[PDB]
$ cat run_13.pdb   # PDB, C-alpha atoms
MODEL        1
ATOM      1  CA  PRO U   7     109.416  53.875 -10.560  1.00  0.00           C
ATOM      2  CA  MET U   8     105.880  52.718  -9.654  1.00  0.00           C
ATOM      3  CA  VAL U   9     106.861  49.672  -7.590  1.00  0.00           C
ATOM      4  CA  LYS U  10     110.410  50.947  -8.028  1.00  0.00           C
ATOM      5  CA  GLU U  11     109.344  53.596  -5.543  1.00  0.00           C
ATOM      6  CA  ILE U  12     111.463  51.262  -3.414  1.00  0.00           C
ATOM      7  CA  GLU U  13     114.305  52.972  -5.329  1.00  0.00           C
ATOM      8  CA  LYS U  14     113.908  56.233  -3.398  1.00  0.00           C
ATOM      9  CA  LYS U  15     114.043  53.921  -0.359  1.00  0.00           C
ATOM     10  CA  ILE U  16     117.299  52.545  -1.772  1.00  0.00           C
ATOM     11  CA  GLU U  17     118.361  56.152  -2.446  1.00  0.00           C
ATOM     12  CA  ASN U  18     117.639  56.781   1.228  1.00  0.00           C
ATOM     13  CA  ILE U  19     119.242  53.556   2.485  1.00  0.00           C
ATOM     14  CA  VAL U  20     122.152  54.742   0.337  1.00  0.00           C
ATOM     15  CA  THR U  21     123.561  58.278   0.806  1.00  0.00           C
ATOM     16  CA  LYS U  22     121.221  59.094   3.712  1.00  0.00           C
ATOM     17  CA  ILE U  23     122.009  55.832   5.523  1.00  0.00           C
ATOM     18  CA  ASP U  24     125.623  56.061   4.292  1.00  0.00           C
ATOM     19  CA  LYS U  25     126.292  59.500   5.823  1.00  0.00           C
ATOM     20  CA  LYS U  26     124.903  57.867   8.978  1.00  0.00           C
ATOM     21  CA  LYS U  27     128.238  56.047   9.253  1.00  0.00           C
ATOM     22  CA  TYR U  28     130.347  59.160   8.551  1.00  0.00           C
ATOM     23  CA  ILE U  29     129.153  60.432  11.932  1.00  0.00           C
ATOM     24  CA  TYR U  30     130.557  57.749  14.242  1.00  0.00           C
ATOM     25  CA  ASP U  31     133.526  57.880  11.842  1.00  0.00           C
ATOM     26  CA  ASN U  32     134.374  61.141  13.612  1.00  0.00           C
ATOM     27  CA  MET U  33     133.253  59.794  16.995  1.00  0.00           C
ATOM     28  CA  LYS U  34     136.428  57.676  17.000  1.00  0.00           C
ATOM     29  CA  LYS U  35     138.796  60.583  16.200  1.00  0.00           C
ATOM     30  CA  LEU U  36     136.875  62.298  18.984  1.00  0.00           C
ATOM     31  CA  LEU U  37     137.440  59.404  21.374  1.00  0.00           C
ATOM     32  CA  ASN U  38     141.106  59.906  20.472  1.00  0.00           C
ATOM     33  CA  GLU U  39     141.495  63.521  21.554  1.00  0.00           C
ATOM     34  CA  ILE U  40     139.170  62.664  24.432  1.00  0.00           C
ATOM     35  CA  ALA U  41     141.363  59.622  24.965  1.00  0.00           C
ATOM     36  CA  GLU U  42     144.591  61.643  24.756  1.00  0.00           C
ATOM     37  CA  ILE U  43     143.211  64.345  27.065  1.00  0.00           C
ATOM     38  CA  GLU U  44     143.178  62.457  30.358  1.00  0.00           C
ATOM     39  CA  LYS U  45     145.837  60.066  29.026  1.00  0.00           C
ATOM     40  CA  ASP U  46     148.464  62.778  29.384  1.00  0.00           C
ATOM     41  CA  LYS U  47     146.745  64.714  32.184  1.00  0.00           C
ATOM     42  CA  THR U  48     147.103  61.901  34.737  1.00  0.00           C
ATOM     43  CA  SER U  49     150.451  60.642  33.423  1.00  0.00           C
ATOM     44  CA  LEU U  50     151.942  64.058  34.167  1.00  0.00           C
ATOM     45  CA  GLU U  51     150.035  64.645  37.427  1.00  0.00           C
ATOM     46  CA  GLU U  52     152.057  61.606  38.542  1.00  0.00           C
ATOM     47  CA  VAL U  53     155.309  63.514  37.954  1.00  0.00           C
ATOM     48  CA  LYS U  54     153.788  66.515  39.741  1.00  0.00           C
ATOM     49  CA  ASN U  55     153.611  64.290  42.799  1.00  0.00           C
ATOM     50  CA  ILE U  56     157.298  63.356  43.034  1.00  0.00           C
ATOM     51  CA  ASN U  57     157.935  67.088  43.307  1.00  0.00           C
ATOM     52  CA  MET U  58     155.701  67.731  46.360  1.00  0.00           C
ATOM     53  CA  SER U  59     157.578  65.067  48.334  1.00  0.00           C
ATOM     54  CA  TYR U  60     161.068  65.950  46.947  1.00  0.00           C
ATOM     55  CA  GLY U  61     160.344  69.681  47.163  1.00  0.00           C
ATOM     56  CA  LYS U  62     157.906  71.146  49.713  1.00  0.00           C
ATOM     57  CA  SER U  63     158.098  68.082  51.979  1.00  0.00           C
ATOM     58  CA  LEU U  64     161.808  67.258  51.656  1.00  0.00           C
ATOM     59  CA  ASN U  65     162.316  71.024  52.047  1.00  0.00           C
ATOM     60  CA  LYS U  66     160.932  71.460  55.586  1.00  0.00           C
ATOM     61  CA  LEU U  67     162.486  68.126  56.598  1.00  0.00           C
ATOM     62  CA  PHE U  68     165.927  69.110  55.274  1.00  0.00           C
ATOM     63  CA  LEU U  69     165.406  72.671  56.522  1.00  0.00           C
ATOM     64  CA  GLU U  70     165.171  70.983  59.907  1.00  0.00           C
ATOM     65  CA  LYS U  71     167.922  68.432  59.258  1.00  0.00           C
ATOM     66  CA  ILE U  72     170.272  71.328  60.019  1.00  0.00           C
ATOM     67  CA  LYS U  76     180.250  75.694  55.064  1.00  0.00           C
ATOM     68  CA  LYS U  77     177.217  73.478  55.656  1.00  0.00           C
ATOM     69  CA  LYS U  78     175.210  76.727  55.692  1.00  0.00           C
ATOM     70  CA  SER U  79     176.773  77.634  52.328  1.00  0.00           C
ATOM     71  CA  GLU U  80     174.814  74.745  50.821  1.00  0.00           C
ATOM     72  CA  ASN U  81     171.684  75.963  52.610  1.00  0.00           C
ATOM     73  CA  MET U  82     172.353  79.354  51.018  1.00  0.00           C
ATOM     74  CA  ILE U  83     172.811  78.151  47.430  1.00  0.00           C
ATOM     75  CA  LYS U  84     169.844  75.861  48.166  1.00  0.00           C
ATOM     76  CA  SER U  85     166.246  77.101  48.231  1.00  0.00           C
ATOM     77  CA  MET U  86     167.467  80.681  47.771  1.00  0.00           C
ATOM     78  CA  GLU U  87     169.284  80.246  44.456  1.00  0.00           C
ATOM     79  CA  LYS U  88     166.474  77.773  43.597  1.00  0.00           C
ATOM     80  CA  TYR U  89     164.067  80.743  43.592  1.00  0.00           C
ATOM     81  CA  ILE U  90     166.628  82.946  41.799  1.00  0.00           C
ATOM     82  CA  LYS U  91     166.094  80.453  39.008  1.00  0.00           C
ATOM     83  CA  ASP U  92     162.721  82.102  38.273  1.00  0.00           C
ATOM     84  CA  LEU U  93     164.383  84.938  36.330  1.00  0.00           C
ATOM     85  CA  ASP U  94     163.123  82.870  33.391  1.00  0.00           C
ATOM     86  CA  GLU U  95     159.685  84.481  33.821  1.00  0.00           C
ATOM     87  CA  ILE U  96     161.255  87.867  33.027  1.00  0.00           C
ATOM     88  CA  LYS U  97     162.986  85.951  30.267  1.00  0.00           C
ATOM     89  CA  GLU U  98     159.416  85.167  29.167  1.00  0.00           C
ATOM     90  CA  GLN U  99     157.482  88.339  30.012  1.00  0.00           C
ATOM     91  CA  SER U 100     159.245  90.937  27.840  1.00  0.00           C
ATOM     92  CA  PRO U 101     159.285  88.240  25.094  1.00  0.00           C
ATOM     93  CA  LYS U 102     155.484  88.076  25.297  1.00  0.00           C
ATOM     94  CA  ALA U 103     155.517  91.862  25.543  1.00  0.00           C
ATOM     95  CA  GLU U 104     157.632  91.621  22.375  1.00  0.00           C
ATOM     96  CA  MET U 105     155.568  89.920  19.648  1.00  0.00           C
ATOM     97  CA  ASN U 106     152.541  91.846  20.891  1.00  0.00           C
ATOM     98  CA  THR U 107     152.817  95.529  19.988  1.00  0.00           C
TER      99      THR U 107
ENDMDL
END
$ encode --input "run_13.pdb" --output "structure tokens"
Amino acid sequence: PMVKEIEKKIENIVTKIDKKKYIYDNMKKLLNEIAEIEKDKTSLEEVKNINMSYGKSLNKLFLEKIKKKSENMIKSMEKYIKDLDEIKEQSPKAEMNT
């Protein structure tokens, strides 16, 4: 204990300098969620692109490209009439919240 005061130093270099590792040991699991974050974000933003061309852009272009009108009817118009799913989502939210 006298010279073996270097045992409290060992005690320190132990637990104290051991729990030093169990910090960066969570810094990895962090750099996983952090990693996953953008890793999906961008991947999807890529399939949010294909829409803008195939929708909005290909819309105006096709809505200039021109029975045939019947297709133009069931087109963008019934494509908006799809969004009845929001009402098929609203009252549901307004359900499990009373």
$ atom_distance --input "run_13.pdb" --atom1 "atom CA of residue 87 of chain U" --atom2 "atom CA of residue 58 of chain U"
18.6 Å
$ residues_around --input "run_13.pdb" --residues "residue 65 of chain U" --least-positions-apart "6" --cutoff "10 Å" --atoms "all atoms listed in the file" --output "list in words"
residues 58, 59, 71, 84 and 85 of chain U
$ atom_distance --input "run_13.pdb" --atom1 "atom CA of residue 62 of chain U" --atom2 "atom CA of residue 81 of chain U"
14.9 Å
$ atom_distance --input "run_13.pdb" --atom1 "atom CA of residue 86 of chain U" --atom2 "atom CA of residue 69 of chain U"
12.0 Å
